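Text of coords04.cif (mmCIF, C-alpha atoms and all ligand atoms) as supplied:
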```cif
data_run
#
loop_
_atom_site.group_PDB
_atom_site.id
_atom_site.type_symbol
_atom_site.label_atom_id
_atom_site.label_comp_id
_atom_site.auth_asym_id
_atom_site.auth_seq_id
_atom_site.Cartn_x
_atom_site.Cartn_y
_atom_site.Cartn_z
ATOM 1 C CA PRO O 699 29.544 -52.788 -98.585
ATOM 2 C CA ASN O 700 30.034 -54.251 -95.098
ATOM 3 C CA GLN O 701 30.830 -57.759 -96.273
ATOM 4 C CA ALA O 702 31.091 -59.260 -92.784
ATOM 5 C CA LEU O 703 27.365 -58.832 -92.274
ATOM 6 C CA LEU O 704 26.542 -61.521 -94.896
ATOM 7 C CA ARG O 705 27.510 -65.160 -94.460
ATOM 8 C CA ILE O 706 28.386 -66.875 -97.728
ATOM 9 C CA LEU O 707 27.207 -70.424 -97.110
ATOM 10 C CA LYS O 708 28.414 -73.702 -98.496
ATOM 11 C CA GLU O 709 25.592 -76.052 -99.437
ATOM 12 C CA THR O 710 26.832 -78.365 -96.690
ATOM 13 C CA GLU O 711 26.216 -75.734 -93.969
ATOM 14 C CA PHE O 712 22.421 -75.862 -94.091
ATOM 15 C CA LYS O 713 19.717 -78.451 -94.587
ATOM 16 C CA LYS O 714 16.161 -78.113 -95.859
ATOM 17 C CA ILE O 715 13.791 -80.148 -93.697
ATOM 18 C CA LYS O 716 10.185 -78.970 -94.090
ATOM 19 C CA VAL O 717 8.336 -77.079 -96.796
ATOM 20 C CA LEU O 718 6.864 -73.766 -95.671
ATOM 21 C CA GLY O 719 5.461 -72.809 -99.069
ATOM 22 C CA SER O 720 6.166 -72.613 -102.788
ATOM 23 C CA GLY O 721 5.505 -69.703 -105.126
ATOM 24 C CA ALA O 722 6.384 -68.199 -108.492
ATOM 25 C CA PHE O 723 9.727 -66.818 -107.298
ATOM 26 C CA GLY O 724 10.765 -69.958 -105.445
ATOM 27 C CA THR O 725 10.195 -72.355 -102.571
ATOM 28 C CA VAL O 726 10.657 -71.594 -98.856
ATOM 29 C CA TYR O 727 11.877 -74.339 -96.517
ATOM 30 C CA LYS O 728 12.282 -74.626 -92.779
ATOM 31 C CA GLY O 729 15.662 -76.058 -91.981
ATOM 32 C CA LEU O 730 18.859 -75.822 -90.010
ATOM 33 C CA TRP O 731 21.951 -73.698 -90.395
ATOM 34 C CA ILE O 732 24.922 -75.700 -89.120
ATOM 35 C CA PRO O 733 27.871 -73.314 -89.545
ATOM 36 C CA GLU O 734 31.315 -74.868 -89.816
ATOM 37 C CA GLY O 735 33.504 -74.487 -86.755
ATOM 38 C CA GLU O 736 30.551 -73.750 -84.504
ATOM 39 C CA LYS O 737 28.674 -76.207 -82.297
ATOM 40 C CA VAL O 738 25.112 -75.045 -82.910
ATOM 41 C CA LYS O 739 22.173 -75.922 -85.138
ATOM 42 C CA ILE O 740 20.140 -72.802 -85.900
ATOM 43 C CA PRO O 741 16.536 -73.042 -87.158
ATOM 44 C CA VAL O 742 16.270 -70.960 -90.330
ATOM 45 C CA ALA O 743 14.062 -70.290 -93.297
ATOM 46 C CA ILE O 744 15.676 -71.055 -96.667
ATOM 47 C CA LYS O 745 14.163 -69.577 -99.841
ATOM 48 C CA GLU O 746 15.445 -71.267 -102.988
ATOM 49 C CA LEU O 747 14.764 -69.081 -106.008
ATOM 50 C CA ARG O 748 13.802 -70.680 -109.299
ATOM 51 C CA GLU O 749 16.874 -71.146 -111.506
ATOM 52 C CA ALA O 750 17.320 -68.421 -114.136
ATOM 53 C CA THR O 751 18.120 -69.428 -117.709
ATOM 54 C CA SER O 752 20.178 -66.196 -117.870
ATOM 55 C CA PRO O 753 21.560 -65.530 -114.368
ATOM 56 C CA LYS O 754 22.742 -62.145 -113.195
ATOM 57 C CA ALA O 755 26.444 -62.065 -112.404
ATOM 58 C CA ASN O 756 27.303 -63.289 -108.919
ATOM 59 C CA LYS O 757 28.981 -59.945 -108.136
ATOM 60 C CA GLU O 758 25.661 -58.233 -108.904
ATOM 61 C CA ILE O 759 23.678 -60.720 -106.818
ATOM 62 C CA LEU O 760 26.143 -60.362 -103.968
ATOM 63 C CA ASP O 761 25.983 -56.563 -104.201
ATOM 64 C CA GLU O 762 22.230 -56.734 -103.568
ATOM 65 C CA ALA O 763 22.615 -59.402 -100.896
ATOM 66 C CA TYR O 764 25.057 -57.207 -98.964
ATOM 67 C CA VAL O 765 22.363 -54.523 -98.865
ATOM 68 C CA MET O 766 19.825 -57.051 -97.602
ATOM 69 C CA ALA O 767 22.296 -58.173 -94.903
ATOM 70 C CA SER O 768 22.908 -54.537 -93.889
ATOM 71 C CA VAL O 769 19.333 -53.820 -92.851
ATOM 72 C CA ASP O 770 19.339 -53.255 -89.096
ATOM 73 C CA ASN O 771 15.824 -52.582 -87.844
ATOM 74 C CA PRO O 772 13.534 -54.702 -85.612
ATOM 75 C CA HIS O 773 10.712 -54.475 -88.167
ATOM 76 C CA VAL O 774 12.587 -55.432 -91.337
ATOM 77 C CA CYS O 775 13.884 -58.920 -92.089
ATOM 78 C CA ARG O 776 17.651 -59.221 -92.472
ATOM 79 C CA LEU O 777 19.495 -61.566 -94.819
ATOM 80 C CA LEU O 778 21.657 -63.831 -92.645
ATOM 81 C CA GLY O 779 23.290 -65.824 -95.434
ATOM 82 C CA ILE O 780 23.302 -66.613 -99.130
ATOM 83 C CA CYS O 781 24.223 -69.761 -101.037
ATOM 84 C CA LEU O 782 25.162 -69.335 -104.709
ATOM 85 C CA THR O 783 24.987 -72.508 -106.800
ATOM 86 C CA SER O 784 22.989 -73.011 -109.973
ATOM 87 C CA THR O 785 20.292 -71.277 -107.884
ATOM 88 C CA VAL O 786 20.250 -68.481 -105.335
ATOM 89 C CA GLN O 787 19.295 -69.574 -101.823
ATOM 90 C CA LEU O 788 18.472 -66.970 -99.167
ATOM 91 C CA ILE O 789 18.822 -67.883 -95.478
ATOM 92 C CA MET O 790 17.139 -65.833 -92.744
ATOM 93 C CA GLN O 791 15.706 -66.369 -89.292
ATOM 94 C CA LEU O 792 12.540 -68.411 -89.022
ATOM 95 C CA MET O 793 9.366 -66.417 -88.302
ATOM 96 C CA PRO O 794 7.392 -69.152 -86.550
ATOM 97 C CA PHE O 795 3.927 -67.554 -86.700
ATOM 98 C CA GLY O 796 3.947 -67.153 -90.481
ATOM 99 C CA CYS O 797 2.670 -64.238 -92.513
ATOM 100 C CA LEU O 798 0.546 -61.565 -90.831
ATOM 101 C CA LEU O 799 -2.305 -61.961 -93.338
ATOM 102 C CA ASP O 800 -2.773 -65.611 -92.363
ATOM 103 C CA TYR O 801 -2.226 -64.738 -88.708
ATOM 104 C CA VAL O 802 -5.031 -62.173 -88.608
ATOM 105 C CA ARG O 803 -7.443 -64.431 -90.510
ATOM 106 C CA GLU O 804 -6.738 -67.350 -88.191
ATOM 107 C CA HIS O 805 -6.985 -65.341 -84.929
ATOM 108 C CA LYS O 806 -9.620 -62.771 -85.927
ATOM 109 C CA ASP O 807 -11.884 -63.321 -82.946
ATOM 110 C CA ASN O 808 -9.019 -62.903 -80.457
ATOM 111 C CA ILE O 809 -7.367 -59.767 -81.883
ATOM 112 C CA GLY O 810 -7.912 -56.488 -80.032
ATOM 113 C CA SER O 811 -7.285 -52.839 -80.841
ATOM 114 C CA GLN O 812 -3.891 -52.691 -79.133
ATOM 115 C CA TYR O 813 -2.545 -55.587 -81.219
ATOM 116 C CA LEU O 814 -3.799 -53.997 -84.435
ATOM 117 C CA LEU O 815 -2.473 -50.515 -83.785
ATOM 118 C CA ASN O 816 0.890 -51.892 -82.605
ATOM 119 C CA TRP O 817 1.223 -53.770 -85.899
ATOM 120 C CA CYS O 818 0.489 -50.544 -87.786
ATOM 121 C CA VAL O 819 3.223 -48.767 -85.802
ATOM 122 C CA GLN O 820 5.741 -51.563 -86.354
ATOM 123 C CA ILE O 821 5.110 -51.738 -90.105
ATOM 124 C CA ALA O 822 5.380 -47.946 -90.416
ATOM 125 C CA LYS O 823 8.683 -48.072 -88.500
ATOM 126 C CA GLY O 824 10.064 -50.726 -90.829
ATOM 127 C CA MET O 825 8.971 -48.822 -93.930
ATOM 128 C CA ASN O 826 10.407 -45.546 -92.593
ATOM 129 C CA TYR O 827 13.703 -47.369 -92.072
ATOM 130 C CA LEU O 828 13.651 -48.666 -95.659
ATOM 131 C CA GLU O 829 12.947 -45.137 -96.893
ATOM 132 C CA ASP O 830 15.843 -43.839 -94.770
ATOM 133 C CA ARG O 831 18.031 -46.417 -96.558
ATOM 134 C CA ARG O 832 16.651 -45.199 -99.939
ATOM 135 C CA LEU O 833 15.002 -48.580 -100.592
ATOM 136 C CA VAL O 834 11.555 -48.702 -102.209
ATOM 137 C CA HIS O 835 9.724 -51.894 -101.268
ATOM 138 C CA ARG O 836 7.216 -52.071 -104.171
ATOM 139 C CA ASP O 837 5.207 -55.005 -102.728
ATOM 140 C CA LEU O 838 4.067 -54.128 -99.221
ATOM 141 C CA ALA O 839 0.995 -56.158 -98.311
ATOM 142 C CA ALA O 840 -0.132 -58.041 -95.232
ATOM 143 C CA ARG O 841 1.098 -61.238 -96.923
ATOM 144 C CA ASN O 842 4.633 -59.732 -96.936
ATOM 145 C CA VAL O 843 4.809 -59.042 -93.199
ATOM 146 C CA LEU O 844 5.987 -61.974 -91.102
ATOM 147 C CA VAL O 845 5.226 -62.644 -87.460
ATOM 148 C CA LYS O 846 8.203 -63.454 -85.240
ATOM 149 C CA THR O 847 6.010 -63.400 -82.140
ATOM 150 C CA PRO O 848 2.439 -62.094 -82.019
ATOM 151 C CA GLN O 849 3.609 -58.579 -81.151
ATOM 152 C CA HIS O 850 6.864 -58.505 -83.140
ATOM 153 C CA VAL O 851 6.392 -58.343 -86.920
ATOM 154 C CA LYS O 852 8.829 -57.613 -89.745
ATOM 155 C CA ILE O 853 8.593 -56.645 -93.391
ATOM 156 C CA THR O 854 9.886 -59.159 -95.935
ATOM 157 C CA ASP O 855 9.830 -59.831 -99.707
ATOM 158 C CA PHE O 856 11.996 -57.020 -101.053
ATOM 159 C CA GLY O 857 15.373 -56.851 -102.742
ATOM 160 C CA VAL O 876 1.359 -58.320 -110.263
ATOM 161 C CA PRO O 877 -0.127 -56.873 -107.053
ATOM 162 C CA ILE O 878 -2.481 -54.392 -108.713
ATOM 163 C CA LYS O 879 -4.804 -54.062 -105.728
ATOM 164 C CA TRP O 880 -1.956 -52.786 -103.510
ATOM 165 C CA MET O 881 -0.369 -50.425 -106.045
ATOM 166 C CA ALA O 882 -0.562 -46.663 -106.214
ATOM 167 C CA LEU O 883 -2.434 -45.418 -109.249
ATOM 168 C CA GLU O 884 0.761 -43.908 -110.680
ATOM 169 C CA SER O 885 2.415 -47.327 -110.356
ATOM 170 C CA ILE O 886 -0.421 -49.059 -112.206
ATOM 171 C CA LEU O 887 -0.517 -46.511 -115.028
ATOM 172 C CA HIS O 888 3.131 -45.468 -115.368
ATOM 173 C CA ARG O 889 5.351 -48.012 -113.547
ATOM 174 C CA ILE O 890 6.382 -45.220 -111.153
ATOM 175 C CA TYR O 891 7.528 -46.648 -107.799
ATOM 176 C CA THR O 892 8.501 -44.377 -104.927
ATOM 177 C CA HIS O 893 8.406 -44.131 -101.184
ATOM 178 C CA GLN O 894 5.068 -42.356 -101.603
ATOM 179 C CA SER O 895 3.662 -45.214 -103.705
ATOM 180 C CA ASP O 896 4.815 -47.448 -100.844
ATOM 181 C CA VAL O 897 2.616 -45.263 -98.598
ATOM 182 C CA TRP O 898 -0.404 -46.177 -100.751
ATOM 183 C CA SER O 899 0.435 -49.855 -100.239
ATOM 184 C CA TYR O 900 0.783 -49.224 -96.502
ATOM 185 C CA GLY O 901 -2.765 -47.881 -96.466
ATOM 186 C CA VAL O 902 -4.056 -51.003 -98.195
ATOM 187 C CA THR O 903 -2.084 -53.135 -95.728
ATOM 188 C CA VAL O 904 -3.657 -51.303 -92.787
ATOM 189 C CA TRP O 905 -7.086 -51.863 -94.373
ATOM 190 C CA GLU O 906 -6.336 -55.603 -94.566
ATOM 191 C CA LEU O 907 -5.474 -55.654 -90.874
ATOM 192 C CA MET O 908 -8.530 -53.655 -89.789
ATOM 193 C CA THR O 909 -10.816 -55.996 -91.760
ATOM 194 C CA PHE O 910 -9.127 -59.062 -90.211
ATOM 195 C CA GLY O 911 -7.646 -60.076 -93.557
ATOM 196 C CA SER O 912 -10.385 -59.305 -96.068
ATOM 197 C CA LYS O 913 -9.421 -59.233 -99.748
ATOM 198 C CA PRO O 914 -9.254 -55.643 -101.043
ATOM 199 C CA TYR O 915 -11.805 -54.893 -103.776
ATOM 200 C CA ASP O 916 -13.161 -58.422 -103.462
ATOM 201 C CA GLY O 917 -15.047 -59.362 -106.610
ATOM 202 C CA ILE O 918 -13.462 -56.645 -108.768
ATOM 203 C CA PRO O 919 -11.040 -57.983 -111.413
ATOM 204 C CA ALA O 920 -7.583 -56.440 -111.328
ATOM 205 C CA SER O 921 -8.077 -55.124 -114.854
ATOM 206 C CA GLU O 922 -10.811 -52.804 -113.530
ATOM 207 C CA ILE O 923 -8.875 -51.381 -110.557
ATOM 208 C CA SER O 924 -7.306 -48.373 -112.251
ATOM 209 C CA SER O 925 -10.762 -47.465 -113.619
ATOM 210 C CA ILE O 926 -12.488 -47.476 -110.237
ATOM 211 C CA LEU O 927 -9.562 -45.598 -108.658
ATOM 212 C CA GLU O 928 -9.685 -43.001 -111.432
ATOM 213 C CA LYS O 929 -13.407 -42.572 -110.746
ATOM 214 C CA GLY O 930 -12.565 -41.719 -107.123
ATOM 215 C CA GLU O 931 -13.660 -44.968 -105.477
ATOM 216 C CA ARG O 932 -11.604 -46.314 -102.601
ATOM 217 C CA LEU O 933 -11.599 -49.165 -100.142
ATOM 218 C CA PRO O 934 -14.520 -48.756 -97.703
ATOM 219 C CA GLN O 935 -14.263 -47.774 -94.059
ATOM 220 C CA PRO O 936 -13.696 -50.953 -91.992
ATOM 221 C CA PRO O 937 -16.460 -51.524 -89.424
ATOM 222 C CA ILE O 938 -14.071 -51.297 -86.444
ATOM 223 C CA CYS O 939 -12.393 -48.085 -87.658
ATOM 224 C CA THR O 940 -13.304 -44.736 -86.181
ATOM 225 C CA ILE O 941 -13.177 -41.815 -88.590
ATOM 226 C CA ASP O 942 -9.708 -40.750 -87.407
ATOM 227 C CA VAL O 943 -8.237 -44.097 -88.445
ATOM 228 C CA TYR O 944 -10.042 -44.219 -91.783
ATOM 229 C CA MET O 945 -9.011 -40.656 -92.635
ATOM 230 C CA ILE O 946 -5.337 -41.678 -92.354
ATOM 231 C CA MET O 947 -5.961 -44.605 -94.681
ATOM 232 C CA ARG O 948 -7.811 -42.365 -97.138
ATOM 233 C CA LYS O 949 -4.905 -39.937 -97.147
ATOM 234 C CA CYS O 950 -2.586 -42.755 -98.234
ATOM 235 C CA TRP O 951 -4.727 -43.053 -101.400
ATOM 236 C CA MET O 952 -4.571 -39.431 -102.563
ATOM 237 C CA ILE O 953 -3.892 -39.188 -106.301
ATOM 238 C CA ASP O 954 -1.136 -36.630 -105.678
ATOM 239 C CA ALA O 955 1.635 -38.718 -104.132
ATOM 240 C CA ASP O 956 3.038 -35.777 -102.173
ATOM 241 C CA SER O 957 -0.323 -35.253 -100.462
ATOM 242 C CA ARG O 958 -0.046 -38.701 -98.871
ATOM 243 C CA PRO O 959 1.334 -39.004 -95.339
ATOM 244 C CA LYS O 960 5.006 -39.685 -94.799
ATOM 245 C CA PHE O 961 5.980 -42.826 -92.950
ATOM 246 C CA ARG O 962 7.513 -40.650 -90.225
ATOM 247 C CA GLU O 963 4.098 -39.025 -89.719
ATOM 248 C CA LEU O 964 2.357 -42.414 -89.792
ATOM 249 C CA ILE O 965 4.618 -43.632 -86.966
ATOM 250 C CA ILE O 966 3.672 -40.617 -84.839
ATOM 251 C CA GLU O 967 -0.048 -40.900 -85.568
ATOM 252 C CA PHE O 968 -0.386 -44.632 -84.992
ATOM 253 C CA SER O 969 1.840 -44.406 -81.916
ATOM 254 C CA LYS O 970 -0.523 -41.833 -80.425
ATOM 255 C CA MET O 971 -3.503 -44.048 -81.224
ATOM 256 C CA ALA O 972 -1.755 -47.056 -79.702
ATOM 257 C CA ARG O 973 -1.634 -45.116 -76.414
ATOM 258 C CA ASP O 974 -5.456 -45.152 -76.273
ATOM 259 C CA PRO O 975 -6.489 -47.991 -78.602
ATOM 260 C CA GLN O 976 -10.158 -48.354 -77.561
ATOM 261 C CA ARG O 977 -10.737 -44.752 -78.583
ATOM 262 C CA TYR O 978 -9.690 -45.360 -82.181
ATOM 263 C CA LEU O 979 -10.934 -48.894 -82.927
ATOM 264 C CA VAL O 980 -14.308 -50.352 -81.917
ATOM 265 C CA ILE O 981 -14.058 -54.125 -81.476
ATOM 266 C CA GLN O 982 -16.654 -56.342 -79.824
ATOM 267 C CA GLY O 983 -14.714 -57.400 -76.723
ATOM 268 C CA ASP O 984 -12.064 -54.609 -77.015
HETATM 269 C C1 LIG Y 1001 1.101 -64.922 -96.274
HETATM 270 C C2 LIG Y 1001 1.254 -66.354 -96.825
HETATM 271 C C3 LIG Y 1001 2.744 -66.773 -96.672
HETATM 272 O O1 LIG Y 1001 3.599 -65.897 -96.710
HETATM 273 N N1 LIG Y 1001 3.035 -68.083 -96.518
HETATM 274 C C4 LIG Y 1001 4.352 -68.383 -96.372
HETATM 275 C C5 LIG Y 1001 5.068 -68.202 -95.162
HETATM 276 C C6 LIG Y 1001 6.434 -68.520 -95.076
HETATM 277 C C7 LIG Y 1001 7.167 -68.401 -93.913
HETATM 278 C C8 LIG Y 1001 6.683 -68.972 -92.808
HETATM 279 N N2 LIG Y 1001 7.555 -68.788 -91.801
HETATM 280 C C9 LIG Y 1001 8.592 -68.112 -92.292
HETATM 281 N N3 LIG Y 1001 9.713 -67.732 -91.646
HETATM 282 C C10 LIG Y 1001 10.696 -67.037 -92.306
HETATM 283 N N4 LIG Y 1001 10.500 -66.771 -93.660
HETATM 284 C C11 LIG Y 1001 9.382 -67.165 -94.289
HETATM 285 N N5 LIG Y 1001 9.229 -66.861 -95.617
HETATM 286 C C12 LIG Y 1001 10.218 -66.254 -96.349
HETATM 287 C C13 LIG Y 1001 9.918 -65.202 -97.229
HETATM 288 C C14 LIG Y 1001 10.900 -64.593 -98.022
HETATM 289 C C15 LIG Y 1001 12.234 -65.015 -97.974
HETATM 290 C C16 LIG Y 1001 13.228 -64.399 -98.798
HETATM 291 N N6 LIG Y 1001 13.817 -63.170 -98.175
HETATM 292 C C17 LIG Y 1001 13.399 -61.901 -98.281
HETATM 293 O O2 LIG Y 1001 12.425 -61.530 -98.950
HETATM 294 C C18 LIG Y 1001 14.181 -61.079 -97.565
HETATM 295 C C19 LIG Y 1001 14.151 -59.756 -97.385
HETATM 296 C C20 LIG Y 1001 15.098 -59.115 -96.575
HETATM 297 C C21 LIG Y 1001 16.076 -59.913 -95.970
HETATM 298 C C22 LIG Y 1001 16.063 -61.286 -96.199
HETATM 299 C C23 LIG Y 1001 15.130 -61.842 -96.991
HETATM 300 C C24 LIG Y 1001 14.884 -63.113 -97.389
HETATM 301 O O3 LIG Y 1001 15.544 -64.111 -97.065
HETATM 302 C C25 LIG Y 1001 12.551 -66.082 -97.123
HETATM 303 C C26 LIG Y 1001 11.555 -66.687 -96.330
HETATM 304 C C27 LIG Y 1001 8.403 -67.869 -93.629
HETATM 305 C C28 LIG Y 1001 7.041 -69.040 -96.227
HETATM 306 C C29 LIG Y 1001 6.346 -69.222 -97.438
HETATM 307 C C30 LIG Y 1001 5.002 -68.883 -97.509
HETATM 308 O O4 LIG Y 1001 4.258 -69.044 -98.682
HETATM 309 C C31 LIG Y 1001 5.087 -68.665 -99.799
HETATM 310 C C32 LIG Y 1001 4.351 -68.823 -101.146
HETATM 311 N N7 LIG Y 1001 3.087 -68.071 -101.175
HETATM 312 C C33 LIG Y 1001 2.516 -68.091 -102.545
HETATM 313 C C34 LIG Y 1001 2.104 -68.712 -100.284
#
```
Before we go any further, please render this structure as structure tokens.
Ligand SMILES: *CCC(=O)Nc1cc(-c2c[nH]c3ncnc(Nc4ccc(CN5C(=O)c6ccccc6C5=O)cc4)c23)ccc1OCCN(C)C
Amino acid sequence: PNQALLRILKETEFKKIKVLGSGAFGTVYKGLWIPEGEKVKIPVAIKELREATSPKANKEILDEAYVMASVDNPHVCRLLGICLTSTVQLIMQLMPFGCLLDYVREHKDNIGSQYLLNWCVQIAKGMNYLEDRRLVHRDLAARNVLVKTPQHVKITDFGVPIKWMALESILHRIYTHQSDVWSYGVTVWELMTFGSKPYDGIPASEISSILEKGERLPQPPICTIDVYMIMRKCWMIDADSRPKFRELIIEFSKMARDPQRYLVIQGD
């Protein structure tokens, strides 16, 4: 463990100012990191996890935090600091444009094929990096990609989403890099539908049944057959018949070189 990469923060070195959002795991704040013996105030996001009645040992928490601080890839969020009190607080850079799901919904009529395909490349690059580090994400979804600037996104929320899960994960709790590929395909489908809800109107309890019957998410209107075929391959029942992230990078990078040819958007 490269301990230098993780700042262990005193409570007095950061301040929560605004609420960004609150969830089941915890609450995310916008605030300032004011490191001791520096002369700077750094805007940060601070996620305070809900207090555990039975907390993991701090050595075990820190062991995982060192991994999160070790990630070095433009398309994966990095843990800048941790504060260990009665709660765990995670400090990372602010991503001012929010989550990519909200971003695509809110800008749908101004999003072209180059933007979309670039996001697919960037997410595949981040996931390939996580696979190279032997980390399985388990919850890739458009809601778990954050937008640093409109054309620089990063994966977050790692370290029950039935409608993103590979069938083997639903039925057998099996999580792998290839089940992450299934989730990648669903994420791409979210982007290409400008943030539609997958299997809208189908309860989560019925998802494994419709998947077992061979049904899949439908071809997005803007998607040419080449793009949809890649998505469909991510949802093969045999996990080793799905694309690898390294292949997805290559394929979406080629499509990003000629984006109008692969996506059909009114206005480009
Ligand atoms: C899609 C809806 C949504 O996410 N809303 C939402 C956005 C944000 C948010 C906005 N701007 C942000 N800038 C930075 N960070 C966050 N959120 C955030 C997420 C997760 C963590 C914790 N964390 C990691 O998962 C991780 C991985 C790897 C390395 C480091 C870290 C790490 O620190 C911190 C911050 C931003 C916040 C909250 C939002 O809503 C949350 C509740 N849902 C239910 C809406």
Report task. Could you report the residues within 6 Å of ligand LIG 1001 (chain Y), using all atoms listed in the file, as a PyMOL selection string? Result -> chain O and resi 718-721+726+743-745+766+775-777+788-794+796-797+799-800+841+854-856
Requested in this report: Run the PyMOL selection byres (((chain O and resi 982) around 10) and not hetatm) against the file shown and list the residues it catches, as an NGL selection string.
Outcome: :O and (807 or 810 or 938 or 979-981 or 983-984)
Requested in this report: Using only C-alpha atoms, determine which residues lie at most 10 Å from residue O:956, disregarding the query and same-chain residues fewer than 6 positions distant; provide the list as a list in words.
Outcome: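 Answer for this query is residues 893, 894, 895 and 950 of chain O.
Using only C-alpha atoms, the contacts of residue O:741 at a cut-off of 7 Å, with sequence neighbours closer than 5 positions omitted, comprise residues 729, 730, 731 and 792 of chain O.
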Requested in this report: Quick one: pull the distance between atom CA of residue O:857 and atom CA of residue O:896, Å, one decimal.
Outcome: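 Answer for the atom CA of residue O:857 to atom CA of residue O:896 separation: 14.3 Å.
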Report task. Give me the residues within 10 Å of residue O:977 as a PyMOL selection string, counting only C-alpha atoms and dropping any in the same chain fewer than 2 places off. Result -> chain O and resi 811+939-940+942+971-975+979-980
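Distances from O:937, O:959, O:917, O:772 to residue O:845 were compared using all atoms listed in the file, and the smallest one belongs to O:772.
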